[PDB]
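The chain below stands alone and is given as structure tokens, in the form deposited in one PDB entry.
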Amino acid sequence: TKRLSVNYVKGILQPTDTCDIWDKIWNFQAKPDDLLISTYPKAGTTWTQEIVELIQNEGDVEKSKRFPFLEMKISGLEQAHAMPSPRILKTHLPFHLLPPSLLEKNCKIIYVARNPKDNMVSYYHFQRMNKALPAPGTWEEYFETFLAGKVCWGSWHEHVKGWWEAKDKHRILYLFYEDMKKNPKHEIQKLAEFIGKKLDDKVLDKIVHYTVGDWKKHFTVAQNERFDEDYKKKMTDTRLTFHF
């Protein structure tokens, strides 16, 4: 499949059909009970959405009863527009580019961050499959492209940091993909509680049943030391912190 056009919009690479609708995305109309799931690409968006659906129903069979990406257009705006409330919305936007209605209405946002080395590997494969995304080049090229943030939705570093800095003054639950992998029950309960559910010592277990390090096989040691030196320079407010 031939690849589609990708261009800078407000400082980040995006699919050109996204770019073509920027003022529509920006002017997105949120509702107070909207729940937004925000992640860098391949940082757990689908997984988090499933857990959230399940949280909202608790019962696994009535869940086939509702997904739109604010920014996307093959559009996320249209599917959002015609969805009943409470809506579950998705985005890969960096925090400073979030449609302002989402903050004016004080909607609950769940951000999920993933360690950048596994995220780089996943995003590399994603770009290999997805026509709407730029050609990733070889792995060795891609490593440098990602390190520089020359990918859709911008630098991973800017992304996670911007969202982390936001959590103080905006209604954001900041989760780590690795924590969800290690201690799901603990994370599902945090998520439940953020969303307003006082759930059960045993409803958790149903969702826990029903719903890291791999990057080491892909990075050379040289790539790794270069990555870490770069990271140390970009990431200087070390309350923010990842398991690798």
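Heads up: residue numbers just count along the shown sequence, starting at 1. Residues that one form lacks are left out of the comparison. Here, rigid core means the biggest group of C-alpha atoms that superpose within 1.5 Å across both forms.
Note that the form deposited in another entry isn't included here; everything after this is about it.
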Of 193, 60, 179, 50, Cα shift of 2 Å or more between this form and the one not shown on rigid-core superposition seen only for 60
So with the core overlaid, does the Cα of residue 217 end up 2 Å or more away between this form and the one not shown?
no
With the rigid core held as the fitting reference, name the runs of three or more adjacent residues whose C-alpha atoms all move by 2 angstroms or more between this form and the one not shown.
59 to 66, 198 to 203, 241 to 244
